[PDB]
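Below, in structure tokens: the form deposited in one PDB entry, a single chain.
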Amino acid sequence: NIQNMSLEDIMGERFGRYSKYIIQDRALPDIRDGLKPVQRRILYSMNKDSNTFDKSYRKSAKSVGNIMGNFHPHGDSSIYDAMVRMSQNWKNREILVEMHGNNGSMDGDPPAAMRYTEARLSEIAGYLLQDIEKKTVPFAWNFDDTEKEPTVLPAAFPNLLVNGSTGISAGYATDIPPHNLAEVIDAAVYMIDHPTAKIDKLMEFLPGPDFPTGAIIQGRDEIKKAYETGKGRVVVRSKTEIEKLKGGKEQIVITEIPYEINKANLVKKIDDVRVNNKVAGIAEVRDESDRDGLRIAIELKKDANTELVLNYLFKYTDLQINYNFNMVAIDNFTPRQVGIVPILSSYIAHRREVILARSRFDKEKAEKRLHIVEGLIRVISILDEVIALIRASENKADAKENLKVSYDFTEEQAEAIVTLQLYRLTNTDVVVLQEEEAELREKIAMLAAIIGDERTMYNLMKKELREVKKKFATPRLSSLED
């Protein structure tokens, strides 16, 4: 009927249970592919369903429901909001979901509910899933014990640093900002060649974060500090021009703001400064951003000290903020604070496992085939007696047995031979088959090398990272300043 437990014990089996799960399976990105579980499931499920960049948008609610019923046993709001976020290009440096409809704005207005919008994976998101079908990554049973899901994606680009992550669990939080794809890949490639590389040298390739929202990042040494330790405070400041209006008045024009800042709240707080006259000078605040351009006009009064006003806004609004690195990720099942070096190196080791696994898989396929093609080449030399033998067999299983015993074919070859359609007996061209046998042998040699020789493999990995860069590289948005 009733069993006692201590207050001290109850609060122990519970908070441990919760703590472990929120750290491993909710708030914190995997260090290799840079995804929280909800995002990986989102991407995996949409990809399983062929809802890719090259096909028609699919209703958001259909996608969300499948994710919920197959992989992610939580609310649809949370799944949907997560899916929506991965589609907002002012939050993601390289978006992984393309969404048709109101998916929010820099002003932070609610996205349309999932009954209105429609979605599909972006092309680049395809590269996170590249080769997932090739037994390249470890799979587990879903909550349901009905279906397998991947525990990490193949990640053909270094998404952890490229898109970032944030980041609140129990006993740990995470803040990793986004970086430029070409830059992060240049660093990875250098490190593949020079494994013991030092931060100073890595920063010749990866000078610092690259926000989708652009702006100005100030703090070379804190950037360095963060790349070494995973912690660091940097300054992020709006791009600003001044415009000399008629009649001796000036006007400050903002065109890029700090990452994670709600444009509309910022505009209101700056106008609050004007309405309250905390500092003198501001004539009018005017948000002039249209569908193709961010532009805020802070018109000043005649004989207004524009440097004073600007500086004050920099300090007392989010026109300028501090950004704090707190790079925590999940490495071998546990939370790690990590700098640029463990991040890139984990990624490199991950791609290694991936490429090795991919290659075992293709080689396996190529062998099974080569083995059959070898049997068929043989069969043709003895067609008449092989048909006779099957004619004399009692049934399928007896026919296979007789082919093994009388002519040494293996099971796999016997199965192939015996499941041929009658019309195949019209063929006697061994040459076409021999061409195939040769192409398979070459294919197997390439793959087997990759597997047996570390250098051959690392070249492949560089060759593939450069392709990804050539394809998806775009220019820096955020300027760097000492």
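Residue numbers run from 1 along the displayed sequence. Heads up, when I say rigid core I mean the largest set of C-alphas that superpose within 1.5 Å between the two forms.
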| property | result |
| --- | --- |
| Between 426-434 and 443-451 (mean CA B-factor, as deposited), the higher | 426-434 |
| Stretch with the higher entry mean CA B-factor, where the candidates are 141-149 and 182-190 | 141-149 |
| Residue with highest C-alpha B-factor in the PDB entry, from 173, 308, 373, 354 | 308 |
| Maximum C-alpha temperature factor, selected from 104, 164, 126, 167 | 104 |
| Where the record places residue 474 (Cα B-factor, split into thirds across the chain) | middle |
| Modelled-residue ranking by C-alpha temperature factor, third containing residue 71 | lowest |
| Among modelled residues of the same chain, the CA temperature factor third for residue 100 | middle |
| Among modelled residues of the same chain, the CA temperature factor third for residue 263 | middle |
| Residue 130, C-alpha B-factor rank within chain (lowest, middle or highest third) | lowest |
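The form deposited in another entry exists for this protein as well; it is not shown, and the discussion that follows is about that form.
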query	finding
Flagged residue of 91, 239, 100, 400 - C-alpha shift reaching 2 Å or more between this form and the one not shown, core superposed	400
Rigid core superposed: residue 331 CA moves 2 Å or more between this form and the one not shown	no
Threshold 2 Å Cα movement between this form and the one not shown at residue 372, rigid core reference	yes
Yes/no, residue 123 Cα shift of 2 Å or more between this form and the one not shown with rigid core fixed	no
